[PDB]
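Peer 1: Residue numbers (the entry's author numbering), protein chains in the order written: chain L, 64 to 358; chain A, 10 to 128; chain Y, 4 to 55; chain D, 2 to 169; chain F, 4 to 113; chain U, 27 to 103; chain W, 47 to 239; chain B, 345 to 430; chain E, 165 to 218.
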Amino acid sequence: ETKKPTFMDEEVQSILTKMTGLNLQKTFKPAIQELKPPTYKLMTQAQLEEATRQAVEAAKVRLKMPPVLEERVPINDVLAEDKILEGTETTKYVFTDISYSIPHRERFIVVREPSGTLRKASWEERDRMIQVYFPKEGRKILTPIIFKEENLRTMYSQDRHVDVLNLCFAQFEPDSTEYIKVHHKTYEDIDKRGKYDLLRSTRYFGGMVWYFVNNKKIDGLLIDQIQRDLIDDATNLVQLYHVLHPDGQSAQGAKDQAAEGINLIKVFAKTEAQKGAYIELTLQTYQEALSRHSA
Amino acid sequence: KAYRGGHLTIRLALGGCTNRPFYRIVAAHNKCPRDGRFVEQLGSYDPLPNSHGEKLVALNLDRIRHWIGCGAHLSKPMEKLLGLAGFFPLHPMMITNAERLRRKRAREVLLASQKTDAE
Amino acid sequence: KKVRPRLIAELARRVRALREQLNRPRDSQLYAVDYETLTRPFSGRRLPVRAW
Amino acid sequence: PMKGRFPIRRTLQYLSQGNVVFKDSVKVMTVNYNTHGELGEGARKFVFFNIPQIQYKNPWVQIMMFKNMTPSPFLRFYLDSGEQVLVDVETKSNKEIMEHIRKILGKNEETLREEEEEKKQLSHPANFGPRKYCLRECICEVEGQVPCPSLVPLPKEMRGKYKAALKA
Amino acid sequence: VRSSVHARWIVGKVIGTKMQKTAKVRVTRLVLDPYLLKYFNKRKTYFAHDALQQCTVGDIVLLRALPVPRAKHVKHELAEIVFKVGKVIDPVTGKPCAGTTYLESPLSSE
Amino acid sequence: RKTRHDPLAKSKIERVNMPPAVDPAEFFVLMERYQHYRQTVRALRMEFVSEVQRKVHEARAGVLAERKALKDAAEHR
Amino acid sequence: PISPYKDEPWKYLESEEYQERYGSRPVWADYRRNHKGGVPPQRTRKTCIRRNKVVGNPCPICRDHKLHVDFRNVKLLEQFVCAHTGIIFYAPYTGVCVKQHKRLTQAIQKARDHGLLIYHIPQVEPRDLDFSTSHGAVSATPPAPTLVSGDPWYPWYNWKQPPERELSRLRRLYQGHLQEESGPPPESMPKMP
Amino acid sequence: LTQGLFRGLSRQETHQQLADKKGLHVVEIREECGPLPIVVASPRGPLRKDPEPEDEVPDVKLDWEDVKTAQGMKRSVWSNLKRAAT
Amino acid sequence: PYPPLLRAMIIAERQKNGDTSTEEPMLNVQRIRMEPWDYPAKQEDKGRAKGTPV
Ligand SMILES: [Mg+2]
Ligand SMILES: [Mg+2]
Ligand SMILES: [Zn+2]
Numbered sequence: 064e065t066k067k068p069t070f071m072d073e074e075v076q077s078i079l080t081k082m083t084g085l086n087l088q089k090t091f092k093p094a095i096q097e098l099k100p101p102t103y104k105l106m107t108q109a110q111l112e113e114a115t116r117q118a119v120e121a122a123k124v125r126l127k128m129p130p131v132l133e134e135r136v137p138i139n140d141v142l143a144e145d146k147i148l149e150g151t152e153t154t155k156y157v158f159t160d161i162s163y164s165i166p167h168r169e170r171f172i173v174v175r176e177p178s179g180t181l182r183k184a185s186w187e188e189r190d191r192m193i194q195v196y197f198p199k200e201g202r203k204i205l206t207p208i209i210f211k212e213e214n215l216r217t218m219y220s221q222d223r224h225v226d227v228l229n230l231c232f233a234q235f236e237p238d239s240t241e242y243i244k245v246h247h248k249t250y251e252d253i254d255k256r257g258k259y260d261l262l263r264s265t266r267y268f269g270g271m272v273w274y275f276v277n278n279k280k281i282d283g284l285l286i287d288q289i290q291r292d293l294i295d296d297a298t299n300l301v302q303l304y305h306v307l308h309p310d311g312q313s314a315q316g317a318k319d320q321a322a323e324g325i326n327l328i329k330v331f332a333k334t335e336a337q338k339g340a341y342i343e344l345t346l347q348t349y350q351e352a353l354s355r356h357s358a
Numbered sequence: 010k011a012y013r014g015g016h017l018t019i020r021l022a023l024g025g026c027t028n029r030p031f032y033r034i035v036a037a038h039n040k041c042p043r044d045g046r047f048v049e050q051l052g053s054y055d056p057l058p059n060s061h062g063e064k065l066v067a068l069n070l071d072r073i074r075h076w077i078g079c080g081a082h083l084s085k086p087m088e089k090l091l092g093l094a095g096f097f098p099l100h101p102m103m104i105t106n107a108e109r110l111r112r113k114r115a116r117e118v119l120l121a122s123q124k125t126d127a128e
Numbered sequence: 004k005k006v007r008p009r010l011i012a013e014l015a016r017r018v019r020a021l022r023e024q025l026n027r028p029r030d031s032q033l034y035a036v037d038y039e040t041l042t043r044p045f046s047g048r049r050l051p052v053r054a055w
Numbered sequence: 002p003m004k005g006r007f008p009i010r011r012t013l014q015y016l017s018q019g020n021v022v023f024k025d026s027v028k029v030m031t032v033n034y035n036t037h038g039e040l041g042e043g044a045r046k047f048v049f050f051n052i053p054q055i056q057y058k059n060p061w062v063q064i065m066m067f068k069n070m071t072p073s074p075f076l077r078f079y080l081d082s083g084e085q086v087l088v089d090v091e092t093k094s095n096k097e098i099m100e101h102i103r104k105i106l107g108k109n110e111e112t113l114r115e116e117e118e119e120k121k122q123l124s125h126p127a128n129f130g131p132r133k134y135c136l137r138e139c140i141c142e143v144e145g146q147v148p149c150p151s152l153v154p155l156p157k158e159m160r161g162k163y164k165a166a167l168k169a
Numbered sequence: 004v005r006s007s008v009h010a011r012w013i014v015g016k017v018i019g020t021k022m023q024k025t026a027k028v029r030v031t032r033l034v035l036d037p038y039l040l041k042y043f044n045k046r047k048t049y050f051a052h053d054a055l056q057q058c059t060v061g062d063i064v065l066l067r068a069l070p071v072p073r074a075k076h077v078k079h080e081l082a083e084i085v086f087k088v089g090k091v092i093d094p095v096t097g098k099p100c101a102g103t104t105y106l107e108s109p110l111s112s113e
Numbered sequence: 027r028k029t030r031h032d033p034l035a036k037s038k039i040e041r042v043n044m045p046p047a048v049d050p051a052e053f054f055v056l057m058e059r060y061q062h063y064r065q066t067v068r069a070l071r072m073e074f075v076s077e078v079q080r081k082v083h084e085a086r087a088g089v090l091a092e093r094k095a096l097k098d099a100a101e102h103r
Numbered sequence: 047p048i049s050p051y052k053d054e055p056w057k058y059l060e061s062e063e064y065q066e067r068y069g070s071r072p073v074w075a076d077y078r079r080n081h082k083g084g085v086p087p088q089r090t091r092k093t094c095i096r097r098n099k100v101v102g103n104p105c106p107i108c109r110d111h112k113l114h115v116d117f118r119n120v121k122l123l124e125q126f127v128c129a130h131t132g133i134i135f136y137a138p139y140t141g142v143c144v145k146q147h148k149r150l151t152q153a154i155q156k157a158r159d160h161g162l163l164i165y166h167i168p169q170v171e172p173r174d175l176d177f178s179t180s181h182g183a184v185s186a187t188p189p190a191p192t193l194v195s196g197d198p199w200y201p202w203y204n205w206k207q208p209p210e211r212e213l214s215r216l217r218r219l220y221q222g223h224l225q226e227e228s229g230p231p232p233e234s235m236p237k238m239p
Numbered sequence: 345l346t347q348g349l350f351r352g353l354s355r356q357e358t359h360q361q362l363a364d365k366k367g368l369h370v371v372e373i374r375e376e377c378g379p380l381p382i383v384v385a386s387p388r389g390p391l392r393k394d395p396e397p398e399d400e401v402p403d404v405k406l407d408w409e410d411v412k413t414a415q416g417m418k419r420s421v422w423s424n425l426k427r428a429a430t
Numbered sequence: 165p166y167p168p169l170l171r172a173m174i175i176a177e178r179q180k181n182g183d184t185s186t187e188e189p190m191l192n193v194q195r196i197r198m199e200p201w202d203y204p205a206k207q208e209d210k211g212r213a214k215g216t217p218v
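1. Say the cut is 8 angstroms; is the CB of residue 5/W nearer than that to a heavy atom of ligand 3?
2. With DSSP as the reference, label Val218/E as helix, strand or coil.
3. Looking at the structure shown, is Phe331/L part of a helix, part of a strand, or coil, going by DSSP?
4. Should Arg68/U be counted as a contact of ligand 4 given a C-beta to heavy atom distance under 8 angstroms?
5. Return the residue from the list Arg103/D, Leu87/D, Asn69/D and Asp25/D that minimises the CA-CA distance to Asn51/D.
6. Report, in whole angstroms, the separation of the C-beta atoms of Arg168/L and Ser178/W, which I expect to be a contact under 8 angstroms.
7. For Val371/B versus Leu111/L, is the C-beta distance shorter than 9 angstroms?
8. Is the beta carbon of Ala36/A sitting closer than 9 angstroms to the one on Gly45/A?
9. Would you tell me roughly how many angstroms separate the C-alpha atoms of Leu136/D and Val195/L, rounded to the nearest one?
10. What are the residues in the region 194-205 of chain L lying within 8 angstroms of chain D by C-beta distance?
11. Do you know whose CA, among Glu128/A, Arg116/A, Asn106/A and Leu110/A, lies nearest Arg59/U's CA?
12. By the criterion of Cβ-Cβ separation under 8 angstroms, what are the contact partners of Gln122/D in chain L?
13. Using the Cβ count rule (16 or more neighbours within 10 Å means buried), how would you classify residue 129/A?
14. Determine the direct distance from the alpha carbon of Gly41/D to that of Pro109/F, and round the result to whole angstroms.
15. Less than 9 angstroms between the C-beta atoms of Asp71/A and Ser178/L, yes or no?
16. Please classify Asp403/B: does DSSP put it in a helix, a strand, or coil?
17. Within this structure, are the beta carbons of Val88/D and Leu80/D separated by less than 9 angstroms?
18. Please go through the region 18-57 of chain F and give each complete beta strand (DSSP E) segment of 3 or more residues, from N-terminal end onward.
19. What I want to know is whether the C-beta of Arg170/L ends up closer than 8 angstroms to one or more non-hydrogen atoms of ligand 3.
20. Where do the ends of the beta strand (DSSP E) carrying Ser73/D lie?
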């Protein structure tokens, strides 16, 4: 019949990429790390543009939007229950297959419980054991205290929402429960304080939009884009919401009125947007400003 | 060093420090020292529980199946680790010791009951 | 690649092998057992208890 | 300053820039070039610059060079199977000569990528041993495990010194 | 195919034909200097089996490893004389040459 | 440890080791277990040997291995 | 002496007393070690304070008792962190003793973990190429027939009583070295009441 | 040493002077800044359209100490020693 | 029956390759000819005591 587009669909990928934008300054911000004497080249105007083009190409690789996944189902599987071994050992044994040429999501990690029951390791145990034998840079075996509520709120108070997402991505798998909660909590703080600009020109911008659309709370994001003269992205936000919610007041209203461009926001503001009056006032303010520049 | 006869054996090589045991599962010659030269390390075994109350055992199954198919023998403690992992059937000694432990505790219950009842 | 040979090492090896055949012990000597002490007079090693 | 003209040739950085890795079939490479003549200009520059790069990446290939024995420069390769490969290098720059021999007798980038991956499997991250061969020496280095007694002393219950005293 | 000789194919210069059915061949390889990082010729002497004794002192020969060493030092055999001494045939054109000048013009046979 | 040429200790000249007493029920049950456990392991061992032999043969004259050999020879010519 | 800023270490750096003494430059700027030769020893003194007694030439941390090394005192810790590279200066650089440098390293690390100190956080690639969770290692493997019926994985796991004739054969084989015959073991592990 | 120090520092060529002489942009490449090209100096006059000839092998004189250090062949117990801030 | 870990991996291999079957893998222990421990061995391959007398 009709299938709602996913996060990795090309239409969604193209729209989200345009809403992100390649800022070579931010994508290649001078990092605070060990420094080396920079090299210098004598380049013409054509060569300088070519070098700028390569920086644009390298920016896209760095701005690749991570895939969005649902929470993984907890693993509760028992291979065998040997009652003979019950009570012989007071500590459970964890066995991890450390074969190199095996994907980390296809390794057999089993736990021999003290009761004698052999069971597959849970997701939290599997991620911990993988780091023990196959360490990854930036990932700690024990969960850092940075992910506590107080520590995260401290990061939010410092407008370092990108750092939180970078820390969460390196530590937790995308389908993990902790990964979802940290990302969702980060997104809520962004919307409440209107800090959408922090995630602009970052690979994590697409996830923020995807979270907002699925909760019908793109009211805050739409307001910010209009105030920053991003109507083209603002219209795409409304169109993406209509695509993912065909059976809505705004989606049906758009079809009835054949609204396009700025008219799409007006239909959405009156029908489904909670702060419709604020959006209309914001859109009216921009429209008057644009008209003066036209003359 | 070319020993007279001998064979490869998958055994545990003790590491760590005093009172901190740690065994590395290696495939070495039978005549080699316990912590001496080995052909290929096939995993690790940490008998001391960690902060999660777990004993970490690593089994390079692809290489373990390779060396066993090349004629490498298995030490008795190694045959129990495989049995605990389910890679091998439970060693008869593990089953037999479980039965002995049950008998030992069963007799302790009878002694405890008599002390409470009689006195 | 010339190395000083060891003639005596080869000479001793052949002498030991030859004497082990000429002076080989016989079954009556190797497997004789003193039924009183249950020890073999050839080597003086006690037989296992279960075989007594 | 480093002695000789073009001192960059005697650096490991320059010698490792050679993109020509001969196949297992190639055994002996002979270079015949002319010391004079504008047509053999590429051959002289190939010997001056590219020969050290080729030998460095192919330490087991014999390279013997002959000067002023034939009217025109050429390259000859002696394969293991007995086939002799002849390459003409007259009126061709050293870069062209470098790419031609790589095309006909050099391993492609796909083969070189595969060879490097094989060496990666040799160093297993899960293995424990000296820092020369393994990333970690003991399981005590793994956070969450019982640390080394040298740094953090063990409880008296877990030490054999007090185990015997309590029992006897 | 299998041979116990380490050097399978080697190209060297004959420096002596004073032995019966054996040509003393000098082989040079480029060996890296670990400190100077410059290649210098290293010369090793190989004995080659020459059934017809057609080698002449001063020519370039191709040596093929024997499956087994026929003598204590003879491990290779004369495969092909690459450059005869004073009678070099140019591989590119096939015409005889004396140094950098063709003895027979390549245009003789078009 | 001691070598073959080291003289025997005087204190152990008269030492005799008494074999342990046998529990008839536990001995027979355990003896059967060692006859089943080694049967399963030997069957497992045979499969492991075959896999090693198959992998060597597949790398030597396997269909995929031979396909690459002919492909490289075709490219070389 | 008892510093009143122990409860709130960050208050000291904001006082007028701090401005008069140090100013806008780091505390260790005016400190110079005393040592023989032109090359200083690669390790500073172990501690400037021994048994509540201060050495003749205290380190910048030890020379001021009002400077408390705490993770909350973020401003002080930045003086010991390179502003261009983010690394912590070694002991010979600033001149602090080994004991206080170790305290600084722990405090700086503690500050970074809580997010109070800004440090470079690199962007990493995802660990797994494929995120599929359909493989049997992470999925639910179908149960074996033995597991469903509750039987042991092998028949010989459970205790089977040997035949009477076989028991008599062992008794005859081991005359004079027999233990008390053992029946089937308890089905479950007993516990002390 | 004093007179030599002031002599070399007085004769150093700035990036702006180099850009004016060559008539080309001077682009700074920083590893911390990734592949982002940074223009530090641009010629005030006309800009050349022909790129500089990319020589395959530069004919420059290399100090052996710099090369030896780069290859790790230079061991010295007196190098990279921890010293007071300057 | 296979040991619990080996059976799971073999079944997991079938699902990975797309094969769908409910058959339980089993070991062909029929080939294994278990022998009594008191079965006579090869006297030909057995050694002999050394010639040193006491
Ligand atoms: Mg057996
Ligand atoms: Mg067989
Ligand atoms: Zn101090």
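Idealized CB from N, CA, C, for every residue including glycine.
Peer 2: Considering the structure as presented:
1. With chain W running from 47 to 239 in the structure shown, residue 5/W is simply not present.
2. Here residue 218/E corresponds to residue number 54 of the ninth sequence, with the count starting at 1. Here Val218/E sits in coil by DSSP.
3. On the first sequence, residue 331/L is found 268 positions in, with the first residue counted as 1. Reduced to three states, the DSSP call for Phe331/L is helix.
4. As far as ligands go, the structure on display features ligand 1, ligand 2 and ligand 3 and does not contain ligand 4.
5. In the fourth sequence, the residue the question calls residue 51/D occupies position 50. Looking at the Cα atoms, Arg103/D is the closest of the given residues.
6. To locate residue 168/L, count along the first sequence from 1; it is residue 105. To locate residue 178/W, count along the seventh sequence from 1; it is residue 132. With 8 angstroms as the limit, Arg168/L and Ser178/W qualify as a contact, their Cβ atoms being about 7 angstroms apart.
7. Here residue 371/B refers to the residue found at position 27 when the eighth sequence is read from its first residue. Here residue 111/L refers to the residue found at position 48 when the first sequence is read from its first residue. Going by C-beta atoms, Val371/B is nearer than 9 angstroms to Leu111/L.
8. Residue mapping note: residue 36/A aligns to position 27 of the second sequence, counting from 1. Residue mapping note: residue 45/A aligns to position 36 of the second sequence, counting from 1. Taking 9 angstroms as the Cβ cut-off, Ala36/A and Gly45/A do not qualify as a contacting pair.
9. The sequence position of residue 136/D within the fourth sequence is 135, counting from 1. The sequence position of residue 195/L within the first sequence is 132, counting from 1. Distance between the alpha carbons of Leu136/D and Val195/L is about 12 angstroms.
10. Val195, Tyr196, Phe197, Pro198, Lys203, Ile204 and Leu205
11. Locating residue 59/U in the sixth sequence gives position 33, counting from the first residue. Closest option to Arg59/U, Cα to Cα, is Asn106/A.
12. Translated into positions along the fourth sequence, residue 122/D becomes position 121. Going along chain L in sequence order, the residues near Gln122/D (Cβ under 8 angstroms) are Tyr163 and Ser164.
13. The requested residue 129/A is not part of the displayed model; chain A covers only 10 to 128.
14. In the fifth sequence, counting from the first residue as 1, residue 109/F sits at position 106. In the fourth sequence, counting from the first residue as 1, residue 41/D sits at position 40. Their Cα atoms are separated by approximately 18 angstroms.
15. If you number the second sequence from 1, residue 71/A lands on position 62. If you number the first sequence from 1, residue 178/L lands on position 115. Contact: no.
16. Walking along the eighth sequence from the start, residue 403/B turns up at place 59. Coil.
17. Within the fourth sequence, the letter at position 87 stands for residue 88/D. Within the fourth sequence, the letter at position 79 stands for residue 80/D. Result no, Cβ atoms of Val88/D and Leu80/D do not sit closer than 9 angstroms.
18. 25-35 and 42-52
19. As a position in the first sequence, residue 170/L is number 107, starting the count at 1. It does not: the Cβ of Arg170/L is nowhere closer than 8 angstroms to a heavy atom of ligand 3.
20. One-based indexing of the fourth sequence puts residue 73/D at position 72. First-last for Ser73/D: undefined, no H or E at that position.
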